[PDB]
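In the form deposited in one PDB entry, a lone chain appears below as structure tokens.
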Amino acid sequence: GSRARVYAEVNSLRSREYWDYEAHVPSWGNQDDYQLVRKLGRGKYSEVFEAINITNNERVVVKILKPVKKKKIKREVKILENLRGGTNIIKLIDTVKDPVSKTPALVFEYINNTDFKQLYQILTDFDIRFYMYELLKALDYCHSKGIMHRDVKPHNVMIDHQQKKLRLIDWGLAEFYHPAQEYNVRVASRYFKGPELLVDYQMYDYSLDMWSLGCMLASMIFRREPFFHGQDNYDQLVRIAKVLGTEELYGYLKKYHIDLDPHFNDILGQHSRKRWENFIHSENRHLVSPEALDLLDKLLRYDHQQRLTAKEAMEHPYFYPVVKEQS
């Protein structure tokens, strides 16, 4: 099998009510206190709006949930409650319903969103270190709380570049980690899916989020966004193997006794592992250092067990300038 190296038993060590989200009974407040101002986004099971709480003039985000998804609603709510006060996790202010339809909605703190496509082309070296450190705080926190985000990607990493604030949003795909549990591999954005997902390995853990974080780090320091740009899930793995190497992929599969879908045999080809320095050029050289490449190499590994944990990543020398500045 496989287990997480950290936080493996933390849900089993807590009360059942902590993780048994199907049994959770939210307290649903009144959505009539909120005035919707503008639509911010739409997903397949939700839409997000800027809103004002008319009772106190607070600006918030309201996420209106398509109500058919009862179990998934309880999951997201219970996870957000468990994460209350976590560093750099979006703050759930309240759980409300339209008092007539009973359609549920989540109310979050407002954050200014600096558009990531534009931001990621103008970050400094220190900015990347700073924001990656802030994102790692959120991931170490949720992992320590027994929760995998499973959808880490630029859209879900809200950065207010004016106030130097970061929030990890959209916990709708998040799940509780339980050792030996088999999880659905249909999670994360294509470009941020770990190799484990792409090879249909269900016994994954928090380390999935560390792959996604590694993909974000690579895109920031190299300026290629997304870094691994597959055309479909099959091609996604080919794009990874063209960097990490094919023999290296096969060694990972062997270690975990992973069966490979035979459609891959026609498309993977044969590829040597590439040096990370191959991605440096005049446009990104100022963002790349030996310590950035060492960190990245320890995140973007096939072997999920061998990837750095969020805490190990935070402790890496790449972040020393950040820690020193916040002291």
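Under this definition, the rigid core comprises the largest set of C-alpha atoms superposing within 1.5 Å between the forms. Don't overthink the numbering: it's just position in the shown sequence, from 1.
Separately, the form deposited in another entry exists; it is not shown, and the next lines address it.
Undergrad: With the two forms aligned on their rigid core, point out which item of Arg59, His286, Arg42, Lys274 shifts its C-alpha by 2 Å or more between the shown form and the other one.
TA: Single residue meeting the criterion: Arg42.
Undergrad: Given that the shift is 3 Å or more, do the Cα atoms of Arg42 and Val157 end up closer or farther apart in the other entry than in this form?
TA: Closer, not farther.
Undergrad: Using the form shown as baseline, tell whether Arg223 and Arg42 are closer or farther in Cα-Cα distance in the other entry, where the change reaches 3 Å or more.
TA: Closer together, which means the C-alphas of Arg223 and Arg42 are at least 3 Å nearer in the other entry.
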